Amino acid sequence: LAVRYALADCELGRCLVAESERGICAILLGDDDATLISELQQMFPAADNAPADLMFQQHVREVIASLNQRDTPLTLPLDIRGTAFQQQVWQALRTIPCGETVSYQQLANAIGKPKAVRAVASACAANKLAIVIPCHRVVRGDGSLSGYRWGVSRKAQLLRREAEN
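Numbered according to this note's numbering, the sequence shown spans residues 12 to 176.
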């Protein structure tokens, strides 16, 4: 269960990158370290920083690069943890093209459960891999940018950079 983490600056502000032995297991965004670290401790409790792990620090620099660019895919291995339903929702987020948004209902319609709009909504707000799993791309259909796990200012910022020119 070993989980390593680092804190770095990025265009969206402060982020925490975390890595287990399977791959990047959390990418969290925020304004202050205390909160990122307890947020991470909530899901991965004895997670520790690893400043001298040369090989982890490289991976963090790779993850940051994706994070600051408009459409740079994260190649490193992902450690996606969740239920079949969450996994189905997150896998379908990843097929949303950079520059488009789908509403919760369209997403529920696309995965074969027109009925489960609420649960799809919840699956998006439970994403632990900011940006890499593009949960900023799903919107409630009414024109509002609510529902993002890391706030309206970052959701809005992300959508504005992908819908460019």
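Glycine included, each C-beta is placed from N, C-alpha and C at the ideal position.
Looking at the secondary structure, which residues open and close the beta strand (DSSP E) in which residue i lies?
i, result
"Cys135", "Careful: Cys135 lies outside any beta strand (DSSP E), inside the alpha helix (DSSP H) at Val128 to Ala136."
"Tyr16", "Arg15 to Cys21"
"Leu118", "Careful: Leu118 lies outside any beta strand (DSSP E), inside the alpha helix (DSSP H) at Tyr115 to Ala121."
"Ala37", "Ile35 to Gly41"
"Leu27", "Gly24 to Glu30"
In or out: residue i buried (at least 16 other Cβ within 10 Å) or exposed?
i, result
"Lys139", "buried"
"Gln97", "buried"
"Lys166", "buried"
"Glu30", "buried"
"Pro84", "exposed"
"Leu104", "buried"
"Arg148", "buried"
"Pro125", "exposed"
"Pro56", "exposed"
"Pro62", "exposed"
"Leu12", "exposed"
"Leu118", "buried"
Counting along the chain, where does the alpha helix (DSSP H) carrying residue i start and finish?
i, result
"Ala167", "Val163 to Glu173"
"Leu47", "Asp44 to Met54"
"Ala76", "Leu65 to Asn79"
"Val100", "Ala95 to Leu104"
"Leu12", "Note, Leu12: premise wrong, no alpha helix (DSSP H); not H, not E."
Would you grab the beta carbon distance between residue i and residue j for me? Rounded to a whole angstrom, and I think it's under 8 Å.
i, j, result
"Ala17", "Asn60", "6 Å"
"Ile38", "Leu87", "Contact doesn't hold; Cβ gap of about 11 Å is too wide."
"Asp82", "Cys109", "4 Å"
"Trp161", "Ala141", "6 Å"
"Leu23", "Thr112", "Going by Cβ atoms, the distance from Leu23 to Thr112 rounds to 18 Å, so no, they are not a contact pair."
"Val71", "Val14", "Incorrect: roughly 13 Å between the Cβ atoms, too far for contact."
Can you tell which of the options has the C-alpha that lies nearest to the C-alpha of residue i?
i, options, result
"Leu40", "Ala58, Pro56, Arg33 and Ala19", "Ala19"
"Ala95", "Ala130, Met54 and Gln53", "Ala130"
"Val143", "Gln68, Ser77 and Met54", "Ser77"
"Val128", "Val150, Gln168 and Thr46", "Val150"
"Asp43", "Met54, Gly154 and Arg25", "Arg25"
"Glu32", "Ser49, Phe67 and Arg172", "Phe67"
Confirm, please, whether the CB-CB distance from residue j to residue i is below 9 Å.
i, j, result
"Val163", "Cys135", "no"
"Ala132", "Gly158", "yes"
"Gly154", "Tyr115", "no"
"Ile75", "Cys21", "yes"
"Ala45", "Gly93", "no"
"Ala58", "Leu51", "yes"
Kindly examine the ligand NAP and report whether one of its heavy atoms sits closer than 8 Å to the Cβ of residue i.
i, result
"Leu18", "Judged by which ligands are present, the structure shown has none, so any question about the ligand NAP falls away."
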